[PDB]
Amino acid sequence: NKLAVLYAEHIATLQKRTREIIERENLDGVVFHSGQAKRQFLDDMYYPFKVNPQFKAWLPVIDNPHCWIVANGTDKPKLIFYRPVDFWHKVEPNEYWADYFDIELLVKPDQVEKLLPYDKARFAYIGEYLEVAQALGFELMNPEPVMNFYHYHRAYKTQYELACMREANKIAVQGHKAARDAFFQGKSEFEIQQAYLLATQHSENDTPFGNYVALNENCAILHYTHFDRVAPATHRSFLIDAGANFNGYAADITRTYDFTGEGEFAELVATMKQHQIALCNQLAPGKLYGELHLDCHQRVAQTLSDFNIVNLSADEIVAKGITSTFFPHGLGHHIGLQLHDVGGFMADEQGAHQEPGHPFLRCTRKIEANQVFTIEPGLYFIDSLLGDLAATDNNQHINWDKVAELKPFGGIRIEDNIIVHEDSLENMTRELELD
Amino acid sequence: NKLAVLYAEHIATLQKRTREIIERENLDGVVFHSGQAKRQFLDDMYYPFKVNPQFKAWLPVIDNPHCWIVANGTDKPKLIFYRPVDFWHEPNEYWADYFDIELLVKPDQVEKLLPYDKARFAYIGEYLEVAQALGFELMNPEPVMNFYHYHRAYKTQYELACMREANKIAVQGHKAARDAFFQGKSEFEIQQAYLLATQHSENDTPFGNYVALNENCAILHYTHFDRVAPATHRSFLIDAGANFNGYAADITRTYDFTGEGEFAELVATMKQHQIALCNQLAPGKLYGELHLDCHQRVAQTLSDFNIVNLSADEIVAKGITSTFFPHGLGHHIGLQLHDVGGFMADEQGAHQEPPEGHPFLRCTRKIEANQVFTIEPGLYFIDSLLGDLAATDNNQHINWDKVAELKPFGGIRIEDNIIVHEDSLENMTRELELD
Ligand SMILES: [Ba+2]
Ligand SMILES: [Ba+2]
Ligand SMILES: [Mn+2]
Ligand SMILES: [Mn+2]
Ligand SMILES: [Mn+2]
Ligand SMILES: [Mn+2]
Ligand SMILES: [Mn+2]
Ligand SMILES: [Mn+2]
């Protein structure tokens with residue numbers, strides 16, 4: 001396995017990071033709890049299992065509750081692997097990552113008693129279940145200096161992590177091309193989603209987030225969760241925000257399409273595409289991410305002017321803050337183990353927070369090598385926001401006829417995942433030839 | 001009758017049940033909380049929303065959190081319908097007219113819409129702390145819970161109609177899944193074919209479907225989906241259902257690939273046993289009586305196929321049947337998959353004790369009209385249970401060579417959903433022509 005080579009360096013890095021923080025916080029070690037299955041109210045059914053990000057940060061075990069990692073950075077990390085024995089289900093770790101842990105099998109969740117350290121006074125519990133931690137004897141639960149430290153360095157992806165994210169993007173792109181074909185065949189939102197799921201070989205709960213699969217006016221809906229079962233009478237626009245998972249690492253890709261490939265909306269999409277590519281290539285070590293977000297508002301304003309959506313020059317559109325009506329979210333975010341990855345705001349290991357008139361900007365941190373970003377500029381026609389704009393004194397400056405013409409197409413978003421290197425950029429998505 | 005007509009009676013029934021219990025428990029009214037969405041640990045993603053069964057018992061609103069129902073049985077039930085306004089993104093169907101609807105635009109503003117004096121109002125929901133912080137004191141009082149759960153077993157005509165539709169959808173799925181199997185598709189592909197035909201998302205189904213090929217058919221709670229079709233195609237077991245207005249279907253079918261051979265004959269024999277067991281459903285009979293007969297029929301099957309060298313009675317007497325048939329014959333089904341009240345003897349909550357020999361059976365309540373059951377006899381070749389059998393002195397009575405021949409096929413389960421009427425039975429599943 002070519003992943004195994006990189007995974008050895010991955011463990012050594014996590015061990016190194018663990019050594020530092022437990023010595024800085026005077027701890028014996030850190031305990032990572034994979035998590036638990038949540039039971040539905042008054043029912044014997046369970047919610048789908050979601051693994052603790054801090055747990056899967058160590059190893060690709062993401063579908064197994066009641067697992068525990070005990071690490072101090074010097075000894076080999078101890079893996080308490082849950083493996084029940086009853087005829088109701090079907091199951092020993094055999095993959096390359098197993099050899100880097102001291103594995104002890106747990107046949108029953110409550111038996112974790114005797115496998116955890118006896119003196120837990122200086123062992124930090126990192127997990128969601130504080131009452132379970134209390135029942136075990138842990139009193140140090142999710143201490144902020146430890147949380148902030150790990151979250152800070154999570155931004156710096158190891159070579160193993162980059163490999164996993166490249167693979168995640170490979171899978172996602174395959175899905176996006178299948179979803180694209182389904183759209184031009186005139187399928188419904190539901191049918192398009194199904195085509196995506198089949199092509200990625202992902203179940204719905206495997207994706208890093210509930211995919212957004214939108215047609216026509218629904219393209220304006222940022223968090224569009226529902227899928228229409230019936231195809232629209234006329235096909236105008238298509239927006240799919242969908243990703244994939246590989247070993248716990250996420251991909252997050254958006255593409256917008258015009259059905260006919262010509263007309264005002266098709267040109268608008270093409271314009272946003274060139275803006276999106278230009279914004280991607282502005283990523284560089286030393287740059288604050290906030291500068292890119294600002295440049296995006298500049299480009300959205302320019303776009304509004306050129307297509308005569310707003311009857312003003314680009315800079316007055318910026319100054320009046322009209323751009324926020326059409327582009328109300330952030331340009332992008334860190335991505336990795338979590339979709340919206342941690343540490344996006346922090347300036348140091350101690351958790352120095354850097355804030356963004358742009359409340360929904362998710363990244364303000366200085367860009368460095370081995371960090372991974374999304375770049376997702378957008379231009380939408382949302383009724384609530386357009387109504388607010390009409391209530392302002394900027395009413396007279398808006399081409400409402402133009403807005404009416406473009407409204408049935410919903411909106412535009414184009415998203416890529418980019419690895420920043422020392423002297424180059426790696427746009428994983430477009431290098432996989434997703435136009 | 002159409003759903004609109006039937007629903008009028010449904011409300012009148014719930015109103016009546018409510019009047020009786022608040023008078024009995026000296027309450028002013030009962031409050032049903034739909035629930036909330038659960039946020040994932042250290043993340044901004046949420047678990048898929050699962051509605052409170054007690055809430056959706058009143059109306060088909062199953063995807064909307066922060067909803068509240070205030071009822072006393074005499075006045076119209078008040079519905080606090082959550083309808084927020086954000087650019088991230090009103091009831092008008094037949095059921096809307098039966099509620100006094102008050103729109104909630106933000107979840108923390110609910111306090112002004114709830115009763116001023118909440119002392120004698122019973123809170124029925126999962127979020128106790130939320131309720132206590134609102135003023136509620138009575139948290140899911142057991143006499144109220146028991147009362148509702150007991151009468152939940154008696155389905156209104158509206159509820160029966162919903163379940164008929166749920167079964168109609170599921171049957172379409174099973175037919176598509178069956179065809180995919182004979183085409184030699186993988187478990188994953190079969191599941192996706194099922195979802196497409198039912199127009200269900202993975203989280204829309206009442207449970208995670210069990211889609212099993214060959215040896216996997218022996219695993220009762222088989223959750224995984226193999227992405228690669230087995231080199232040899234021998235058997236197929238799909239346990240899958242559907243949802244309609246919050247009401248569930250629960251159907252299992254088992255297939256032999258070639259349609260000939262010992263396993264195919266075993267499937268056909270189990271099918272005739274299953275049909276006969278369905279027809280044993282009758283008002284006045286304890287459900288345990290049917291469970292006992294199932295063990296007798298499984299024993300007779302084992303004997304006839306010479307898997308066990310004993311008569312049926314001997315197989316029963318030595319407790320050998322439980323090796324091949326380890327679970328219950330079935331359960332009540334409705335708003336919940338394993339519906340409530342199936343173990344009750346009265347509305348007070350007293351337990352109807354299971355028949356001797358099966359203390360773990362939890363569907364024991366005396367059968368009555370307008371109740372809905374599953375009938376799912378099974379015969380499996382499970383390694384864990386067969387190992388235990390080999391360790392006992394009954395080892396001598398087992399044709400282990402035949403067991404080894406049948407083991408690669410996994411096991412058999414056949415499940416239908418049946419409505420019990422006054423002097424007739426309605427097998428919703430087989431009425432939709434699913435062999
Ligand atoms: Ba010490
Ligand atoms: Ba009274
Ligand atoms: Mn120490
Ligand atoms: Mn996205
Ligand atoms: Mn994103
Ligand atoms: Mn009547
Ligand atoms: Mn079933
Ligand atoms: Mn069942």
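Each chain gets a letter, A, B and so on, in the order its sequence line appears, and its residues count up from 1. The figures here come from the full heavy-atom set of this structure, side chains too, leaving out hydrogens, waters and symmetry mates.
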May I ask you to check whether over 12 heavy atoms, not counting those of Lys170(A), lie within 6.0 Å of atom NZ? no
Let's go through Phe409(A) and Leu268(A) carefully: what are the C-alpha distance in whole Å and the side-chain angles of both, what is the deciding distance for side-chain contact (heavy atoms from CB on, under 4.5 Å) to 0.1 Å, and is it a yes or a no? CA-CA 11 Å; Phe409(A) 295 84; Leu268(A) 195 67; over 6 Å; no
Give me the ring orientation class for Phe183(A) and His235(A): parallel if the planes are under 30° apart, tilted from 30 to 60°, perpendicular past 60°. tilted
So which atom in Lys118(B) and which in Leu114(B) form the shortest heavy-atom distance, rounded to 0.1 Å? CE-CB, 3.8 Å
Given side chains that start at C-beta, do those of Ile69(B) and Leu59(B) come closer than 4.5 Å, heavy atoms only? yes
Is it true that atom NZ of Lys106(B) has more than 12 heavy atoms of other residues, nucleotides or ligands lying nearer than 6.0 Å? no
Any luck finding a side-chain donor-acceptor pair between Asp416(A) and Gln276(A) under 3.5 Å? yes
Taking only residues at least two apart or on different chains, which pairs with a member in residues 79-88 of chain B satisfy salt bridge (charged side-chain N to carboxylate O under 4.0 Å, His left out)? none
Assess the side chains of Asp228(A) and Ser188(A): does a donor N or O sit below 3.5 Å from an acceptor N or O? no
Neighbour count above 12 (heavy atom, 6.0 Å) for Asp108(B) CG: yes
Distance-only side-chain donor-acceptor flag, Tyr150(A) / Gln54(A), under 3.5 Å: no
Could you check if a side-chain atom of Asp241(A) sits within less than 4.5 angstrom of a side-chain atom of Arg413(A), using non-hydrogen atoms only? yes
Would you say that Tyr47(A) contacts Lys38(B) through its side chain, given a criterion of any heavy-atom pair below 4.5 Å between the two side chains? yes
Closest non-hydrogen atoms of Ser305(A) and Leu312(A), given as atom of the first, atom of the second and distance, are OG-O, 2.9 Å
Has the side chain of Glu191(A) got a donor or acceptor atom that lies under 3.5 Å from a matching backbone atom of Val230(A)? no
Side chains of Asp181(A) and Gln185(A): any donor to acceptor distance under 3.5 Å? no
When you measure from the side chain of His333(A) to the backbone N and O of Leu339(A), does any donor-acceptor pair fall under 3.5 Å? yes
Quick one: do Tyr380(A) and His329(A) satisfy ring pair (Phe, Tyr, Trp, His ring centres under 6.0 Å)? Show the steps, please. CA-CA 10 Å; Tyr380(A) 317 91; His329(A) 61 73; 5.5 Å; yes
Sub-4.5 Å side-chain heavy-atom contact between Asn417(A) and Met165(A): no
Polar side-chain atom of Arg166(A) near backbone of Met428(A) as donor-acceptor pair, under 3.5 Å: no
Distance under 6.0 Å and angle within 45° of ring axis: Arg229(A) vs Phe190(A): yes
Using distance alone, with no hydrogens and no angle criterion, decide if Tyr46(B) and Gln40(B) have a side-chain donor and acceptor under 3.5 Å apart. no
So, the side chain of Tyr98(B) versus the backbone of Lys76(B): is there a donor-acceptor pair under 3.5 Å, distance only? no
Which pairs, with at least one residue in residues 280-297 of chain A and sequence neighbours excluded, count as a salt bridge (charged side-chain N to carboxylate O under 4.0 Å, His left out)? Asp295(A)-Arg299(A)
Which atom pairs, donor and acceptor, lie under 3.5 Å between side-chain atoms of residues 391-401 of chain A and protein residues at least two apart or in another chain?
unit_1: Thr392(A); atom_1: OG1; unit_2: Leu389(A); atom_2: O; d: 2.6
unit_1: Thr392(A); atom_1: OG1; unit_2: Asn394(A); atom_2: N; d: 3.2
unit_1: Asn395(A); atom_1: OD1; unit_2: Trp400(A); atom_2: NE1; d: 3.4
unit_1: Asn395(A); atom_1: ND2; unit_2: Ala390(A); atom_2: O; d: 2.7
unit_1: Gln396(A); atom_1: NE2; unit_2: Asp393(A); atom_2: O; d: 3.4
unit_1: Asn399(A); atom_1: OD1; unit_2: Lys402(A); atom_2: N; d: 3.2
unit_1: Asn399(A); atom_1: ND2; unit_2: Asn308(A); atom_2: O; d: 3.0
unit_1: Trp400(A); atom_1: NE1; unit_2: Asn395(A); atom_2: O; d: 3.1

Donor-acceptor side-chain pairing of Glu316(A) and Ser313(A) below 3.5 angstrom: yes
Give me the ring orientation class for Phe360(A) and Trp88(B): parallel if the planes are under 30° apart, tilted from 30 to 60°, perpendicular past 60°. tilted
Pair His293(A) + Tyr289(A): ring centers closer than 6.0 Å: no
Below 3.5 Å, can you tabulate the donor-acceptor pairs from side chains in residues 320-328 of chain A to any protein atom, sequence neighbours excluded?
unit_1: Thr323(A); atom_1: OG1; unit_2: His297(A); atom_2: ND1; d: 2.7

Side chain of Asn211(A), backbone of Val213(A): donor and acceptor closer than 3.5 Å? no
CZ/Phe345(A): more than 12 non-hydrogen atoms of other groups inside 6.0 Å: yes
Looking at residues at least two apart in the chain, or sitting in another chain, which of them share a salt bridge (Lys or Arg N to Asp or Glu O under 4.0 Å) with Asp44(B)? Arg362(A)
Within a strict 4.5 Å, meaning less than it, do heavy atoms of the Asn52(A) and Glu128(A) side chains meet? no
Ring centres of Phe32(B) and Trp68(B) under 6.0 Å apart? no
Is it true that a side-chain atom of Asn216(A) and a backbone atom of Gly410(A) form a donor plus acceptor pair closer than 3.5 Å? no
Taking all atoms of both residues into account, what is the closest heavy-atom pair of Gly175(A) and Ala199(A), and its distance? CA-CB, 4.0 Å
For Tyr152(A), does the six-membered ring have the charged nitrogen or CZ of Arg365(A) within the cation-pi criterion, i.e. under 6.0 angstrom from the centroid and within 45° of the normal? yes
Is the ring pair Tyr7(B)/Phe99(B) parallel, tilted or perpendicular, if the boundaries are 30 and 60 degrees? tilted
Could you walk me through whether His421(A) and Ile419(A) pass the side-chain contact (heavy atoms from CB on, under 4.5 Å) test, one step at a time? CA-CA 6 Å; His421(A) 297 284; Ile419(A) 306 177; 3.6 Å; yes
Are the side chain of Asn427(A) and the backbone of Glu431(A) linked by a donor-acceptor contact shorter than 3.5 Å? no
Side chain of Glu202(B), backbone of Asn205(A): donor and acceptor closer than 3.5 Å? yes
Exercise: do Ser34(B) and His66(B) side chains pair donor with acceptor under 3.5 Å: no
Indicate yes or no for a side-chain donor-acceptor contact from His202(A) to the backbone of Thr200(A) under 3.5 Å, with no hydrogens or angles considered. yes
For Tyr224(A) and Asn218(A), does a side-chain donor sit closer than 3.5 Å to a side-chain acceptor? yes
Are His334(A) and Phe373(A) an aromatic pair by the rule of ring centers under 6.0 Å? yes
Could you tell me how the ring of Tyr123(B) sits relative to the ring of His33(B): parallel (under 30°), tilted (30 to 60°) or perpendicular (over 60°)? tilted
Applying ring-ring contact (aromatic ring centres under 6.0 Å, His included), name anything that partners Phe209(A), two or more places apart in sequence or on another chain. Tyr212(A)
Evaluate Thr271(A) against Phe307(A) for side-chain contact (heavy atoms from CB on, under 4.5 Å), listing each step before the verdict. CA-CA 10 Å; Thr271(A) 290; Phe307(A) 281 82; 3.4 Å; yes
